[PDB]
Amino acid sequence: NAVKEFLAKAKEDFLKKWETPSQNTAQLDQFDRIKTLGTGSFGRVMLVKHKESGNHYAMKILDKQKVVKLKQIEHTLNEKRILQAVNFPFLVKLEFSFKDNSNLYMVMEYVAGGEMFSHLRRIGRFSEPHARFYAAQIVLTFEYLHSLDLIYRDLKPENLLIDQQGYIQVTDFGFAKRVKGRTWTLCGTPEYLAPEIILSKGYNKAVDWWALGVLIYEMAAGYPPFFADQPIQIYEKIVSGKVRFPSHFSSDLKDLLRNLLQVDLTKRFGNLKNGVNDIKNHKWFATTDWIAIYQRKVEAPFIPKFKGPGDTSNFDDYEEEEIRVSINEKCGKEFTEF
């Protein structure tokens, strides 16, 4: 009941910012660029430092020409519109955004602990309690997003960052979409694709609960439930309706995962009459204090080593290219709304 009123409030806030988006709240020459943290097909994310405040931020840079050239104009306008509109303890905060002649820029709080992917691969697999601590934050986060009619559609350890308190910050709304009923776009990463996406059916927010099942499996095994050397072979396993579990998995974990990795949508946890409460009240989450997780009062199982402001030791090294800004504005028409 306290949940329904919190989410009613959250919907109002989201909708005001959605309707009247933040635009052009800084400029490139207010920041020093320090290091590339990540890359994508139309740009990069860089650690930057605000010259006046000395605060560090993660700055996502998108090349407008490459965005138009790869026909993802809507996808990027949309990514920024959602990010500027949401507010949740496990979502990375957008602080500033702007554009120039060549690029779009989204300046986020810097999450210094790096990607869950790194920690998970280094240690091999997480204990059930450790995996459960992270899983609860994703459950609350999808509860939040779904209540705004958002589907996230790109869950992966690679895009779940670990903050200085060892909690999750979800990054990258690149594939997120406001959807009232069904949508049809084929997007994600092969190992996280829900079967209804693979089969080109119209799908809903339940693809996110399937993806949660893949994440929990992968966090607890150290590898995902469906993998092969060719995507089509992964897709065959996903749609097959069969999953194998490591014998070290608890019986409660196997049960939860059989219910999330349900090919049949009439049977998938998160998609039934009781919604997210089927997941929250599952035995695997018996020991979980949902309010305490939301209030970030639970002690993290792990805190990344943090060697001072702007430490990037938890991040991989990428080639440092020049950020060329043209003397002439490009694609100005297409990105008016940004």
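Just count from 1 along the sequence shown to find any residue number. Heads up, when I say rigid core I mean the largest set of C-alphas that superpose within 1.5 Å between the two forms.
Of the two segments 165-173 and 67-75, the one whose CA positions lie farther from the displayed form in 5 other deposited structures of this protein, once all are superposed on the rigid core, is 67-75. Between 108-116 and 255-263, greater CA displacement relative to the shown form is found for 108-116 when the structures in 5 other deposited structures of this protein are fitted on the core. Gaps at residue 50 occur in none of the other compared entries of the protein that contain both adjacent residues, all of which model it rather than a third dropping it. Note: missing coordinates for residue 315 occur in a third or more of the other compared entries bracketing this position. A summary of the deposited B-factors shows that, of 301-309 and 30-38, the stretch with the larger mean C-alpha value is 301-309. Mean C-alpha B-factor is higher over 245-253 than over the other stretch, the pair under comparison being 212-220 and 245-253.
Highest CA B-factor among the listed residues (119, 267, 130, 146): 267.
Ranked against the other modelled residues of its chain, the C-alpha B-factor of residue 293 as given in the entry falls in the middle third.
Placement of the Cα temperature factor of residue 70 within the chain: highest third of the modelled residues, per the deposited record. Split the chain's modelled residues into thirds by C-alpha temperature factor. Residue 272 is in the highest one. The entry lists a Cα temperature factor for residue 188 that places it in the lowest third of the chain's modelled residues.
Placement of the Cα temperature factor of residue 100 within the chain: highest third of the modelled residues, per the deposited record.
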